[PDB]
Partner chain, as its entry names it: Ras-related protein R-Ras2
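As a starting point, one isolated chain is supplied in structure tokens, in the form solved without the partner chain.
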């Protein structure tokens, strides 16, 4: 209890709300979640204690490693006959030892050769990256570590520090995981034996304050299971309906994930005033019964089935009182034994159907009447993108051939949307198909966790595909989306949240961003309880890292508080006076300690040492962000970077930039693996709160305006920065990077480019900043190549009619079609992000912008001609 109280304060500080507020929640789902989730906490801690010293180090310092050991061919060509030159430092004074060695060498082999060269100068060691807290604790090939592959790709010398194993292990403390205090804690009839249609009683509304009627519907995801039913019209002075609304569904046919969606509307031009959604079955599989009160949400269509389920935690809001049916017994959803037997009964009955019986329905087909054309038709349908319309004929067709669909596993999402979810006979059969369904790729499985797929059997299958096949690399890459799709889950306790929590608690690189993605949305009352309770479970079992997270939370909090004062109190004051106030307030003993000596939330391998106050400044950009500079206190910081530079911005939504930078990284990965070296720059960006976040500074980079402050000025600047033999590499890097950003920005519909949001590095690497908006915010061309860009592309020249420009065009075409081939991934990544509150990504029609820019209905050659035409019209010729 004494140690628990201190831990409760630590967790309360981390999550931004006290633990006691969870204790006072009456809802038994909340209290069951808190108790039952501790299984995952226990399991994770055991894996860390299994092989205790090394396995604890593996948790804290996991290998930053690529998914595949196999190297792309053009990256292998950068090596000297498949060998890499590596520098290994030994602190005795620092002593370097340059080794020329095979790229696929194991760290232990690399350590041995360093000792041999040290012996020429006359398993107890581990390799560390010089300048940051990144270690090579696992037996991978050296080239698979992301630091080395980055070094090979960029043509940089890898600098590693030889360190004693016991020096690392002694730093890692043993955290004893303790279970909390809350650990120690008519008839029943089946759904299918209730011969009755669905009825729901709407009683009355309270807190209906204005200067009406209740619309309702029953939904499986975004799909209606029957017609919407309205109450009779009533004046807002007395909202008391007391009507039994009758729905066209048999109760036995209600799917597991069935939801009552409702709204109070005003009356023609109808308009929603407030909305609310309810699960028709609770977390214990029990059908909702008796009286209930639902506090509604403000409108951001008359109903909102995409919106989150459950009551508004704000109780000073419109509150509809509801009553459900009574059957003199506790109604529960049937077990899988009952479902399997019913499916088996249906399959055998259908297999007995005659020619004429099967002829009654297009959803029924005979077993020995599957021709070669219809098999290839199913294959053709499966290749189509997620936003492509599946007609009712195709749905009937897909379902009738569902047993053949098992042989083409990737078609599952199409088949699932073809199912009649208001028919227990079909759903029961679909459950048995999903149960034994073969594994699909993690990227394909991710689609089945978005808002179109609410069924727990379907989502369980998706989670199992991730458990079996999703690497830690790709989990880290897609964590943003996987956190978002938790919002679509019916219940607090589910297979997805258990999978993500276990990975967060067995991989501290994952756990770090897991914490911050959840923490960043704790202001949002749509997800505050779920994320708060999930964060509690994480903090209770993450070990020593809670204390390091609390350093980061306090550092951010003091930066939030400081920037709030400057944009409220000292709004209209000069830069000199604001800076004097800033430096004085930061130099306060409590502030100064809080704002230095912690890990970067952008990358927890980076230690932020002492602040360089003289290097810090208030920027002239929108919302006046802070430019912050810390010393890197790493002993070999000079070999990576001496100073860590971060932009702290308080005022603007940084989630759009975060998503774009992630997508840019994924686009770059596709191009690099395909074998076209178009270097992008997806710099770090992290939303930490409500319109608050961090941005990674790229060193030695300048905006186009800063270069200029003639058309040849930009090309002349790169000449001066890259004189002699380096010049050709700089122009090449510029052309290749410019080509990637041209293609990326057009596809995504990024905000209009200009001289202040395009940047160029000294070496020639072009990139974009401040994305802000994407998609349909007819298809625009954000990055118009002015003559400045074309002149440098053409090496100073009629820059349109040159071989350098024709080369540049071919890079753009190859890059365009490469992304077209991976269109489903990007559509799915955007679809998983619809639950987020980004205003430009609210519906599937917003995502349909990518369908247009990638020209998916059109052919591959027609897609190039479309892309060429957009570039031609934007630039007024050339393409």
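Positions refer to the first chain, counted from 1. The term rigid core refers to the most C-alpha atoms you can superpose between the two forms while keeping them within 1.5 Å.
Farther on average from this form in 7 other deposited structures of this protein lies stretch 301-309, the comparison being between 301-309 and 537-545 by RMS Cα distance after core superposition. Taking the root mean square of CA deviations in 7 other deposited structures of this protein after fitting on the rigid core, 806-814 and 819-827 differ, and the farther of the two is 806-814.
In the comparison with other entries of the same protein, residue 779 is left without coordinates in at least one third of those covering both sides of it. Compared with other PDB entries of the same protein, residue 353 is missing from at least a third of those that resolve the residues around it. In terms of unmodelled positions of the deposited sequence, the stretch from residue 267 to residue 268 in this entry skips 4 to 9 residues. According to the record, 4 to 9 deposited residues between residue 777 and residue 778 are left without atomic coordinates. Between 248-256 and 173-181, it is 173-181 that carries the larger average Cα temperature factor according to the deposited entry.
For the two regions 235-243 and 448-456, the entry's Cα B-factors average higher over 235-243.
The entry lists C-alpha B-factors for 130, 542, 577, 694, and the highest of these is at 577. Across 167, 477, 490, 526, the greatest Cα temperature factor reported in the deposited entry is at 167.
Per the deposited record, the Cα B-factor of residue 34 falls in the lowest third when ranked against the other modelled residues of its chain.
Annotation for residue 629: C-alpha temperature factor in the lowest third relative to the rest of the modelled chain, per the entry. When the modelled residues of the chain are ordered by C-alpha B-factor, residue 866 sits in the highest third. Annotation for residue 374: C-alpha temperature factor in the highest third relative to the rest of the modelled chain, per the entry. When all modelled residues of the chain are sorted by CA temperature factor, residue 338 is found within the middle third.
Unshown form deposited with the partner chain bound; subsequent notes refer to it.
When contacts are judged by a 4.5 Å heavy atom cut-off, residue 73 does not count as touching the partner chain in the deposited bound form. Put simply, residue 176 is far from the partner chain in the deposited bound form: not one heavy atom of it is within 4.5 Å. Contact annotation: residue 499 falls outside 4.5 Å of the partner chain in the deposited bound form, judged by heavy atom distances.
In the deposited bound form, the partner chain sits beyond 4.5 Å of every heavy atom of residue 798. Partner proximity in the deposited bound form, defined as non-hydrogen atoms within 4.5 angstroms of the partner chain, places exactly one of 112-120, 283-291, 328-336, 373-381 at the interface: 112-120.
Checking 571, 807, 270, 94 for any heavy atom within 4.5 Å of the partner chain in the deposited bound form turns up a single hit: 94. Exactly one listed residue, out of 98, 242, 713, 150, brings a non-hydrogen atom to within 4.5 Å of the partner chain in the deposited bound form: 98.
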